[PDB]
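The chain below stands alone and is given as structure tokens, in the form deposited in one PDB entry.
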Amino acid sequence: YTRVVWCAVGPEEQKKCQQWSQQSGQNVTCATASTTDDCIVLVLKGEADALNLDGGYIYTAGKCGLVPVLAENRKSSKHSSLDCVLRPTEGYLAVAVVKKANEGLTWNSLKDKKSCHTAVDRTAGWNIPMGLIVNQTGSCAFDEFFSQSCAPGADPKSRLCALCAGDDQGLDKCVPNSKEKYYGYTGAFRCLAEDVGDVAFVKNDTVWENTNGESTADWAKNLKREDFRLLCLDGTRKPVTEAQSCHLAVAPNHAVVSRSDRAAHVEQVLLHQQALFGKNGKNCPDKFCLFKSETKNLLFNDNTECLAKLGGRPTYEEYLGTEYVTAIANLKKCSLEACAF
């Protein structure tokens, strides 16, 4: 009766979803697609109920009538009088990161460098950076700005995919899911960290979580914060402790979307599910933790304290906010009123 079907993007998210399915006694079951767009389509058709989405994809979904239900909330110091579910979301900081050893590389000398993006169409990895670049460049030729990138979801044979490495067999180069090595917040940072690219467009937290022994991953275990720098828009370079004053934009938190006709039901199940598997849920860490996966951010970002309700029942434009929505529209005219499917 009250059963929810989650959409997992790619083989690893399917594996996590299945565990979750099992531990929930089929209160949640799983559907799989190779890309976030495919999962959006599955939701429209009614074959899936929900997935957690980056702001860039909430924009897509939004045009097709899908709606934000619940947002991720991470560790905060302000709003400490309030419980997590009821506490408003801050927004994450979009940053540009570089090696310190790579002296003299600033925001103004990025043309023809090698870039690492989370995936085409994501907030911190794509829409913020390339929105700014098109702006400053007065040109829609963003495919020709960098010498080489890894931008999962771009044409595998374009220079936007040249730096992507596919999976362990080298198959699936540039797929916009975690089979791709340099995919997402951790993939894009790893891409910089191994000096495949010169710059990585991630969020503030990605640097903190994958340096100073925070990640046990073989590529990251020796990584040290002092070896990185943030590129500011004013042409300067700051340590990674200055994010508050050296970021490209503040971004709306990843959120769970569903078809409006399903939103109420999806919300109800999710709140009960996190009671069970959230930050101090009954069965976490004993049996299963919804917000854990070894720094792989599967289904959810690993730093999610809880999923929060949304005051003022916002629409998707209200949720993303006007400044962000205009930026995406302006960028989309480079390559108005219609669902993309």
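From 1 onward, residues are counted along the sequence shown. Heads up, when I say rigid core I mean the largest set of C-alphas that superpose within 1.5 Å between the two forms.
**Student:** Do the Cα atoms of 294-302 or those of 65-73 sit farther, on average, from the shown form in 8 other deposited structures of this protein after fitting on the core?
**Tutor:** Looking at 65-73 and 294-302 in 8 other deposited structures of this protein, the bigger mover is 294-302.
**Student:** Kindly name the stretch, out of 74-82 and 185-193, whose CA atoms are displaced more from this form in 8 other deposited structures of this protein after the core superposition?
**Tutor:** Once the cores are fitted, 74-82 deviates more in 8 other deposited structures of this protein.
**Student:** Between residues given as residue 335 and residue 336, how many of the deposited sequence are not built: none, 1 to 3, 4 to 9, or 10 or more?
**Tutor:** In the deposited sequence, 4 to 9 residues between these two have no coordinates.
**Student:** Identify the stretch, either 174-182 or 267-275, whose C-alpha atoms have the larger mean B-factor according to the entry.
**Tutor:** Higher mean C-alpha B-factor: 267-275.
**Student:** If you average the CA temperature factors as listed in the entry, which stretch comes out higher, 257-265 or 136-144?
**Tutor:** Between 136-144 and 257-265, it is 136-144.
**Student:** By the CA temperature factor listed in this entry, which of these ranks top: 123, 206, 149, 73?
**Tutor:** Answer for 123, 206, 149, 73: 73, with the highest C-alpha B-factor.
**Student:** Among 320, 329, 9, 17, which carries the highest Cα B-factor?
**Tutor:** Of the candidates given, the C-alpha B-factor peaks at 329.
**Student:** Divide the modelled residues of the chain into thirds by Cα B-factor and specify which third, lowest, middle or highest, holds residue 118.
**Tutor:** Bottom third by C-alpha B-factor.
**Student:** Would you mind ranking residue 222 by its C-alpha B-factor against the rest of the chain and naming the third, lowest, middle or highest?
**Tutor:** Residue 222: CA B-factor falls in the highest third of its chain.
**Student:** Sorting the chain's CA B-factors, does residue 60 end up in the lowest, middle or highest third?
**Tutor:** It belongs to the middle third of the chain when residues are ordered by C-alpha B-factor.
**Student:** Just say lowest, middle or highest third for the CA B-factor of residue 37 relative to the other modelled residues in its chain.
**Tutor:** Residue 37: CA B-factor falls in the lowest third of its chain.
**Student:** Classify residue 88 as lowest, middle or highest third according to the C-alpha B-factor given in the PDB entry, relative to its own chain.
**Tutor:** Tercile = highest for this residue's CA B-factor.
What comes next is about the form deposited with a partner chain bound, which is not displayed.
**Student:** Just one of 278-286, 292-300, 35-43, 307-315 has residues with a heavy atom within 4.5 Å of the partner chain in the deposited bound form, so point it out.
**Tutor:** Contact criterion met by 35-43 only.
**Student:** Tell me, yes or no, whether residue 63 is in contact with the partner chain in the deposited bound form, where a contact means a heavy atom of each within 4.5 Å.
**Tutor:** Judged by the heavy-atom cut-off of 4.5 Å, residue 63 is in contact with the partner chain in the deposited bound form.
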